[PDB]
Amino acid sequence: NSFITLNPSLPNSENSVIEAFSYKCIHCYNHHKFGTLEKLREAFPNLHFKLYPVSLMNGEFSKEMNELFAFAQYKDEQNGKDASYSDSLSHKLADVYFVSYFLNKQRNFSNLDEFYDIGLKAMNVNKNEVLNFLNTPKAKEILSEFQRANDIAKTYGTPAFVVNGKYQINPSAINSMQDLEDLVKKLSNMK
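Cut-offs applied
- Residues numbered from 1 in each chain as written, not as in the entry; some residues may be left out.
- Heavy atoms only, no water.
- Helix = DSSP H or I, 4+ residues; strand = E, 2+ residues; numbered from the N terminus.
- Expected span 1.5 Å × (residues − 1).
- Buried < 20%, exposed > 50% of the residue type's maximum accessible area, 1.4 Å probe, protein only.
- Contact = heavy atoms within 4.5 Å.
- Pairing = 2+ DSSP bridges.
- Axes fitted to C-alpha atoms, helices over the stretch in contact; angles between N-to-C directions.
- Arc of directions from axis to C-beta.
- Disulfide = S-S within 2.5 Å.

As documented in the archive entry, the model was determined using X-ray crystallography at 1.55 Å resolution.

It is worth spelling out helix α3 (residues 62–78) at this point. With 17 residues, α3 extends 24 Å from end C-alpha to end C-alpha; this agrees with the ideal 24 Å at 1.5 Å per step. Most of α3 sits out of view: 12 of its 17 residues are buried. Among the residues making up α3, those that are buried are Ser62, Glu64, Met65, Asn66, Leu68, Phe69, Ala70, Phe71, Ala72, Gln73, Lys75 and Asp76. Residues of α3 that are buried sit in contact with β2 (16–21), β3 (48–53), α4 (89–103), α5 (112–123), α6 (127–134) and α7 (137–146). Once α3 finishes, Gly80 follows within two positions and takes phi at roughly 60 degrees, a positive value.

A word on the sheet that holds strand β1 (residues 3–5). Reading across from one edge, β1-β5-β4-β2-β3 is the order of the 5 strands in this open sheet, with mixed pairing throughout. Because the sheet does not close on itself, it has two edges, and the strands there are β1 and β3. Looking at each pair of strands side by side, their axes are set apart by 25 degrees on average, direction ignored. Inspection of the sheet shows β1 paired to strand β5 (residues 167–169) by 3 bridges, in the antiparallel sense. Residue pairing in the sheet places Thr5 in a bridge with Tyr167 of β5.

Along helix α2 (residues 36–43), the residues that are buried comprise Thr36, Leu37, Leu40 and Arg41. Taken down its axis, α2 places every buried residue within 140 degrees of arc, on the same side.

The next subject is the state of the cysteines. Summed over all chains, the structure comprises 0 disulfides. Free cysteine: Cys25, not disulfide-bonded; nearest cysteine sulfur from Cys28 at 3.4 Å. Overall, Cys25 belongs to the buried group, its relative accessible area being 10%.

The next thing to look at is the pairing of strand β4 (residues 160–163). Where burial is concerned, the two faces of β4 agree: the one with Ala160 and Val162 and the one with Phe161 and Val163 are both buried. One ladder, built from 4 bridges, connects β2 with β4; its direction is antiparallel. Bridge pairing links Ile18 to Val162 in β4. Here 2 bridges tie β4 to β5, and the two strands are oriented antiparallel to one another. Within β5, the position partnered with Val162 by the bridge is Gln168. Two successive antiparallel strands, β4 and β5, enclose a turn made up of 3 residues, where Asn164 displays a positive phi of approximately 55 degrees.

Time to look at the environment of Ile4. Summarising the element assignment, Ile4 is placed in strand β1. Residues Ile4 and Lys166, spaced 162 residues apart in sequence, show a C-alpha to C-alpha distance of 8.2 Å. In this view, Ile4 contacts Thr155, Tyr156, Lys166, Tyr167 and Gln168; residues no more than four positions away in its chain are not counted.

Here the focus is unusual backbone geometry. Of the consecutive residues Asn7 and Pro8, the connecting peptide bond is found in the cis state with omega at 0 degrees. Along the chain, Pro8 turns up in the loop between β1 and β2. Residue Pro159 follows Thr158 across a cis peptide bond; omega there is -10 degrees. Mapping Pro159 onto the fold places it in the loop between α8 (148–156) and β4. The phi angle at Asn124 is positive, at roughly 55 degrees, despite the residue not being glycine. Looking at the element boundaries, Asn124 is found in the loop between α5 and α6. A positive phi angle is found at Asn164, which is not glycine, with a value near 55 degrees. Relative to the helices and strands, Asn164 resides in the loop between β4 and β5.

Structure below.
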């Protein structure tokens with residue numbers, strides 16, 4: 001089948017596409033470079049777009065990567081943007097780690113401060129702003145939602161696209177931008 005139905009459906013996912021991704025996943029990188037989410041916004045300007053990092057795939061600093069993406073989600077939403085914008089914090093944050101891993105072939109980060117600072121500088125924020133955010137109820141809610149990314153990723157791998165929190169697309173059904181546009185229009189308009 002071209003998609004499966006999630007049960008239960010995801011919270012805070014009405015009128016949306018969520019991409020579960022890993023910064024070590026070359027197909028994720030390809031969608032990032034290609035601008036898949038920006039192009040989906042172009043075709044579906046009514047939808048919201050969110051990245052779900054898959055912590056089981058993100059290595060030594062996987063918990064801290066989730067912290068930085070949760071912050072980026074919160075800040076982008078505050079600013080009326082989301083991950084389908086090239087200037088968003090979420091997109092900038094994904095870019096710096098994709099570049100680190102795939103184009104600078106950085107196997108590891110020396111230590112946690114070095115890892116964190118790469119994300120802090122990509123988002124042009126200081127550590128105090130992120131750590132203060134992590135003590136708030138909204139941070140715990142956002143991180144709690146990311147927990148589902150691992151189970152979502154086990155079905156078919158990454159990236160996993162999920163429409164309206166309910167319909168998870170089988171990657172074998174996607175062979176072009178047009179295919180993915182067609183499935184999002186079909187699935188976005190079901191119950």
